[PDB]
Every structure is written in C-alpha cells, then in structure tokens.
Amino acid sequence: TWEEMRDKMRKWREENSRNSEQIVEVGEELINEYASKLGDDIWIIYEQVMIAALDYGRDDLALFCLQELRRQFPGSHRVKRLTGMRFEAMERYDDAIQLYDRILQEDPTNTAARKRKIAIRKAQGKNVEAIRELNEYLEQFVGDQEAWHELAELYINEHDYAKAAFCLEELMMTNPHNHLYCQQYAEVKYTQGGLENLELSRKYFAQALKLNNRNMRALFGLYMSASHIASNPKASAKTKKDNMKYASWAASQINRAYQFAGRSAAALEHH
C-alpha cells in the first residue's frame, strides 16, 4: 500500500477535485498493483477511478470499474448512478432515460435523477417533453420548489413567458423574502413587454432590490424598466414623472456601484 497514493485519493474525494488525469493515473496504479492492500477503501477508489476515467476518455477503465462495482453491490442506487453517468458520457440518451426512470419509479422525488433527465432532454432537443413531464410531476408533488424553478427555466427557454411567470409566482409565494425570484419574475414581465407589464416589472425589480441591495440585475432592471416607462406615451404624467425619478436614482446607484467596484479592483491588482 503506497500511502502517498491511497491518501491522495482520499483528499481528492474530500475536496471534490477535478483533476481527472491524476486521479486516473494514481487510481489505476492502485487497482492493478495494490488492490490486496487497499482494504476498506477499494470500492470508493473503484468509483473515483470510474468517474475520472469517464471524463478523461478511458472507457475501457470506466467499464471495468463499473462491472466490479455492480458485482459487489448488486441492485444499488449508486451503481445505477454510475451506469447513468456512463450512458450520458457516451450520449446513449435513451438508455439513460430508461435508467433514471426507474430510479424515479422507486423515488418520485429523487432530485438528482430528475435533474439528469432534464439535462438529457435539453441535449435531445426535447424541451417540450421535459415540460410535460415536469407538469405531471408537479400535479402530484406541488410542494417541490426546485422542480417549479426548473420548469420556469424550461418555459423561458421555449419563450413561453406567461407560463414561466406563473411558475415564478409559486416560488415568490413560498419564498416571499427571496430576492432572486422577485428579480427573475421582473425580468420575465419586462420581456413580456407592454406598459402594464413594464410597470409591474419596475415594482418587482424594486422589491428584489429592497430584499438585497446588492443585486446588480435588480438595479439594472429598475433603471431599464423605469426609463422605458418614462418614455412611453401611454403613461400618465404622474407615472412618467415618478419613473423618471426612479431611473436617475437607479442611474446614480449604478454610477456609484461601478466606482466602488473599480476602486476595489485596483486595491486587488495592487496585491
């Protein structure tokens, strides 16, 4: 047992390293020349090597590690995860969907598997199927906030802004002090466009900003919504004049943000 090698694999797992080259290099050496010595760490190392082998293009090695793990832990959720990772890396997307489907059959609220199915459907260009599947899920598990957020993003990608806005309303109603959902709701309403949507967008950009005074996206949105309102003929002179005030307030806040940023960046470059 070369301690230098076994412990390097430990700290790489503990620190979640991305050096797939070195992990394959030391791990393969450990599997082939020191397996009798690895004792309790053998199966994690097998799993570590498989993952890095997939990313480094050593599918011979990945398959060997996978077959050994399947033999030691038959039926296990974690080997399924690795099997799914391998199918994805080989772009065997249909086989991957089949695997993630029976994980979610055993655990409908499995977040990792649902998240993998969504990524696969985007790779497949089947965003529309992904939207239908997320809807079916949310009808039965309406409490799943992260799944509402995933659906919001799918609708934005498909340019279905009213449906995305509806999804973000669930997130705002369950997280009324979360600045991000207010900000994204505002961006969606701004994109839907029109004066009424623009006034709405200004207000939620203002709420996001009040919820987190350092959200640059909220600050720019407030400026941009307010400036368009102030130039829209449909608006009252009361609404216009009020938004001109919002916009040069936002503009000076923007003006100040960049100066503090620029002064901070020069204290950083001067070590």
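Numbers follow the displayed sequence, beginning with 1.
Remark: stretch with higher mean C-alpha B factor among 158-166 and 97-105 is 97-105. The PDB entry reports B-factors from which the mean C-alpha value can be compared for 198-206 and 234-242; the larger average falls on 234-242. When the modelled residues of the chain are ordered by their C-alpha B factor, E153 lands in the lowest third. The deposited CA B-factor of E139 belongs to the middle third of values across its chain. Among the modelled residues of the chain, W43 sits in the lowest third by CA temperature factor in this PDB entry. For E187, the recorded CA B-factor ranks within the lowest third of the chain. Only modelled residues enter the ranking. Residue-level temperature factors show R217 in the lowest third of its chain, judged at the C-alpha atom.
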